[PDB]
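Notes follow the structure.
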Amino acid sequence: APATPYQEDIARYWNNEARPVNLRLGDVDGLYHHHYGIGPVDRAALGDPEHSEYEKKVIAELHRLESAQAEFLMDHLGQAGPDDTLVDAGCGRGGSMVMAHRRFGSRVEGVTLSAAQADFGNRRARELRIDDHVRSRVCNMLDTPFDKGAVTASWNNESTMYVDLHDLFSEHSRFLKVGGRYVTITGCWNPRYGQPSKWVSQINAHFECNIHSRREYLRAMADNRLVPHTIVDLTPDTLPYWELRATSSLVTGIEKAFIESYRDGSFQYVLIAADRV
Ligand SMILES: Nc1ncnc2c1ncn2[C@@H]1O[C@H](CSCC[C@H](N)C(=O)O)[C@@H](O)[C@H]1O
Ligand SMILES: CC(C)=CCC/C(C)=C/COP(=O)(O)OP(=O)(O)O
Ligand SMILES: [Mg+2]
């Protein structure tokens with residue numbers, strides 16, 4: 001049962017979603033992501049733009065940048081081991097969960113509003129024989145079954161724009177143990193610009209999301225016992241990904257809005273890593 005008419009919309013969006021730009025990239029190595037990439041493009045791997053196999057090399061390179069984004073996130077989760085539980089809030093098809101389990105060996109619990117995504121991720125976990133440690137469930141990340149203080153580290157990778165931040169960080173704060181770690185990577189509108197620009201609103205309209213101001217992230221964390229130890233503006237680092245994507249046959253139409261808004265300073269891609277204290 002959906003929490004709100006809006007979360008019903010979001011369950012529906014993601015139950016229906018199945019774009020080539022996500023699935024073809026995932027097929028590269030069975031890590032299915034729904035987030036963007038960071039880091040320099042590997043021009044040597046790409047080769048000659050005129051070559052017959054170029055679109056496939058671009059696919060492989062975009063995927064590499066998306067996986068690199070997740071590795072950067074996990075660099076900030078502190079240490080974690082097989083006895084620990086990690087929570088992926090808004091877990092998509094579960095690519096980040098597989099990566100986390102591989103890296104840390106932890107139990108990894110994911111929650112998503114999409115039954116299709118949860119099924120897909122659990123089928124993937126079974127194929128990899130890691131289903132005894134990695135599990136996706138259909139659940140509102142604002143209201144989860146995890147016990148108070150049970151969780152060692154958790155994160156939101158491009159999923160914070162679908163929820164009230166105070167309610168979100170309240171919940172992470174509840175299930176994270178004292179000394180626990182939280183990380184988000186998000187696109188937020190830059191309070192320096194003043195208000196959400198037209199580009200930001202176009203992005204909101206495209207995904208049915210609600211991009212928050214960087215000011216709102218910091219405030220919501222301060223009000224919920226999450227204290228940032230690292231904040232990185234990844235805007236420069238994600239532009240190469242988007243500029244390459246823009247040349248791809250798998251474009252979705254929103255590429256210009258991300259590029260222009262990143263360039264004019266109205267929109268930014270940030271990582272915030274915080275301690276639960
Ligand atoms: N209230 C809510 N509760 C649980 N998941 C939510 C949610 N609102 C949005 N989501 C999830 O957020 C995801 C956005 S896509 C990002 C997926 C994943 N974090 C990745 O990086 O690959 C979708 O899985 C969507 O179902
Ligand atoms: C940084 C921000 C504001 C993301 C907005 C929310 C959202 C739907 C991310 C999904 O990426 P995706 O892999 O599902 O979509 P795409 O097909 O455009 O790559
Ligand atoms: Mg994508």
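Positions are given from 1, in the same order as the sequence printed here. Hydrogens, waters and symmetry mates play no part in the numbers below; they use all other heavy atoms, side chains included.
- At a threshold of 4.0 Å, the pair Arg24-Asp27 does not count as salt-bridged, since none of the basic side-chain nitrogens sits closer than that to a carboxylate oxygen.
- The residues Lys198 and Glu260 are annotated as not salt-bridged, no charged nitrogen and carboxylate oxygen being separated by less than 4.0 angstrom.
- In terms of heavy-atom proximity, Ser96 sits nearest to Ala70 at OG-CB, 4.1 Å.
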(request) Apply the test side-chain hydrogen bond (donor to acceptor under 3.5 Å, both in side chains) to residues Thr184 and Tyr217: give CA-CA distance (whole Å), side-chain angles for both, the deciding distance (0.1 Å), then the verdict. (result) CA-CA 10 Å; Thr184 181; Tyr217 283 95; 5.7 Å; no
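- Applying the 4.5 Å side-chain rule to ILVMFWY residues, one finds that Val178 remains a lone member of its cluster.
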(request) Could you please spell out the steps behind the ring-ring contact (aromatic ring centres under 6.0 Å, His included) verdict for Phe175 and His172? (result) CA-CA 5 Å; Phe175 61 59; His172 281 274; 5.1 Å; yes
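- Side-chain atoms of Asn15 come within 3.5 Å of backbone atoms of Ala115 as a donor-acceptor pair (strictly under, hydrogens ignored).
- Here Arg103 pairs with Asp75 in a salt bridge; the nearest charged N to carboxylate O distance falls below 4.0 Å.
- Note: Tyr241 and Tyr36 have tilted aromatic rings, judged against thresholds of 30 and 60 degrees for the angle between ring planes.
- A donor atom on one side chain and an acceptor atom on the other are not found under 3.5 Å apart for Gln7 and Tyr162.
- Counting only distance, with no hydrogens or angles, the side chain of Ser261 and the backbone of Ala257 share a donor-acceptor pair below 3.5 Å.
- No hydrogens or angles considered: a donor-acceptor pair under 3.5 Å links the side chains of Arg245 and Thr252.
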(request) Evaluate the ring-ring contact (aromatic ring centres under 6.0 Å, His included) criterion for residues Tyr269 and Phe258: first the C-alpha distance (whole Å), next the side-chain angles of each, then the deciding distance (0.1 Å), finally the verdict. (result) CA-CA 10 Å; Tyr269 203 54; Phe258 278 83; 8.2 Å; no
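- Residues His166 and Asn224 have side chains that never bring a donor and an acceptor to within less than 3.5 angstrom of each other.
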(request) Any chance you could lay out the side-chain hydrogen bond (donor to acceptor under 3.5 Å, both in side chains) test for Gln79 and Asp84, step after step, and finish with the verdict? (result) CA-CA 10 Å; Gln79 305 178 225; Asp84 296 321; over 6 Å; no
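- In summary, the side chains of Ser136 and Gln117 do not present any donor paired with an acceptor at a separation below 3.5 Å, with no hydrogens or angles considered.
- For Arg135, the salt bridge (charged side-chain N to carboxylate O under 4.0 Å, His left out) test picks out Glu109, with sequence neighbours left out.
- For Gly37 against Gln69, the heavy-atom pair with the smallest separation is CA-CB, 4.3 Å.
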(request) Take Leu244 and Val58, measure what side-chain contact (heavy atoms from CB on, under 4.5 Å) needs, and give me the verdict at the end. (result) CA-CA 8 Å; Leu244 180 62; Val58 174; 4.1 Å; yes
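- Between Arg124 and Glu127 there is a salt bridge, since at least one side-chain N of the basic residue sits less than 4.0 Å from a carboxylate O of the acidic one.
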(message) As a quick check of understanding, evaluate side-chain contact (heavy atoms from CB on, under 4.5 Å) for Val98 and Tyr32, giving each step before the final call.
(response) CA-CA 9 Å; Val98 174; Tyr32 295 81; over 6 Å; no
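- Applying ring-ring contact (aromatic ring centres under 6.0 Å, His included) to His34 and the options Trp14, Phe120, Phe207 leaves one that passes, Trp14.
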